[PDB]
Structures are given as structure tokens and as C-alpha cells.
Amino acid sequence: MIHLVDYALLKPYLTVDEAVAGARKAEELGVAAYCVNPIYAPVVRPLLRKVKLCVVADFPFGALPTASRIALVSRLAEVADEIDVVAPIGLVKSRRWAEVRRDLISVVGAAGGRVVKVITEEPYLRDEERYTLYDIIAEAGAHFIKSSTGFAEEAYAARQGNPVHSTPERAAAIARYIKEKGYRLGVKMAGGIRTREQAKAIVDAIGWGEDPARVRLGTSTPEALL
């Protein structure tokens, strides 16, 4: 199960030494990828060989102008293996679908070939928004739907009717939809996955077995599940 893990150290106060130590630990554990803020991509790049270098973009708000977002992703694609970009959360809540799809198609297209995961921030969404968004993400040709940033607020999330942490039910809901629509999209759950038990539950919930190309587990405590 360790090979389905995207080991994430994304706190803004993470230091160079900590980022370097993380990469080293990522390689030894054999995780699927190591995710860090863009600033540390160059220093970590040399330490990764088998494990993929994953970077977040317009994280964690997804509140940058589309023009800046495509530009950022374009640069990032020069050194990162995979890019986890936040959806335009604000525009989604505004139900500005025309703008949401214009943004995601252009942003994903800017990654030029790299594996792109769009963070939907499930804690902030309602059902009428999430499925329309999933359709847009498939339309954009993204590789994965990442459930959350790991920085969602509990208060607002609750008002939208959601828990802040990943649950097997949400994971299954996303996986069921993709499968039913026949989309070529993987599912990456993140948030509150710090025990091997919970992780296992999410994998069984998604129902695709342990396929790294279709399933990823985002966590800051990888050792805990292997």
C-alpha cells in the first residue's frame, strides 16, 4: 500500500533540511510520489529517482487569475513529474461554470504531458457542484481528482454539509462516478489519512485495488501505513 502514497510535506514553515529529509525518506519508503511546495522542487529533484516529484500549484486557495495559473503550471511542468493544482474554488461556489471550465482546460493543457491532479476541495462542495466539476476535470484531460488540500476550514466545510477529513464514502462516491462515466481519471484521497487502517478502508472503498495509476493516498505520515 506504500506504493500508492503521495508523501506530502506542504506546511509553509517547512524548512529546506526538512524538505530534503522528506525526499530521502520518500525514496527509501518507495512511495508513489513526494509532494512539496514549488519552492523546494529544485533542491528535492536530485534526491528523487524512483519516486515521482509532485508539486502543488496555486495552493491552497486556487484563487489566482487563470493567466497566472497557466503560466505557473507551465513553469512547474519543466521540473515536476506531477502537478496537483487547486480548482478555482471561488468560481465554483459562484457557479460560474463557463469560467471554471475555461480555467481548468487551459490550466491542465499548460502542464504539457505531465500528470495533473485537480484538487476539488471536497470539504467546500455541494453535490450540485461536485459532479459538474468532475465532468470539467475529465473534459480538461486531467489524470487525477485529488479530494482536498489538507487546509480546508472546518466551519465553512460544515456549513456546506461536509467533514474536513477523507472518508471511505466520499472516495467511493468519486470512484463510482468516474467508473460509471467511463472517464480516464484516477482518485487521490487526502486529509486525515495517517493510519494504515484508514488508508486500507479508502482503498477498499474506491474498489480499484492497489493501482498507482488510478489510486493515490495523500498523507504527511507515510511510515504509518507500511
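Numbers for residues come from their place in the sequence shown, where the first is 1.
Identify the stretch, either 104 to 112 or 90 to 98, whose C-alpha atoms have the larger mean B-factor according to the entry.
-> Stretch with the greater average CA B-factor: 104 to 112.
For the C-alpha atoms alone, is the average B factor greater in 55 to 63 or in 38 to 46, going by the entry?
-> The entry gives the higher C-alpha B-factor average to 38 to 46.
Which listed residue, 207, 218, 12, 22, has the largest C-alpha temperature factor in the record?
-> In this record, 207 carries the highest C-alpha B-factor of the candidates.
Hey, out of 154, 121, 135, 78, whose CA B-factor is highest in the deposited coordinates?
-> By C-alpha B-factor in the record, 78 ranks first.
Once the chain's modelled residues are ordered by C-alpha B factor and cut into thirds, is residue 149 in the lowest, middle or highest one?
-> Tercile = lowest for this residue's CA B-factor.
State the tercile, meaning the lowest, middle or highest third, of residue 8 with respect to the CA B-factors recorded for its chain.
-> Answer is lowest: the recorded C-alpha B-factor places it there.
Taking the C-alpha B-factors as the PDB entry records them, is residue 128 in the lowest, middle or highest third of its chain?
-> Highest third, going by the recorded CA B-factors of the chain.
Would you please rank residue 200 by its C-alpha temperature factor against the other modelled residues of its chain and give the third it falls in: lowest, middle or highest?
-> Highest third of the chain for residue 200's C-alpha B-factor.
Sorting the chain's modelled residues by C-alpha B-factor, tell me whether residue 32 ends up in the lowest, middle or highest third.
-> For residue 32, the deposited C-alpha B-factor lands in the middle third.
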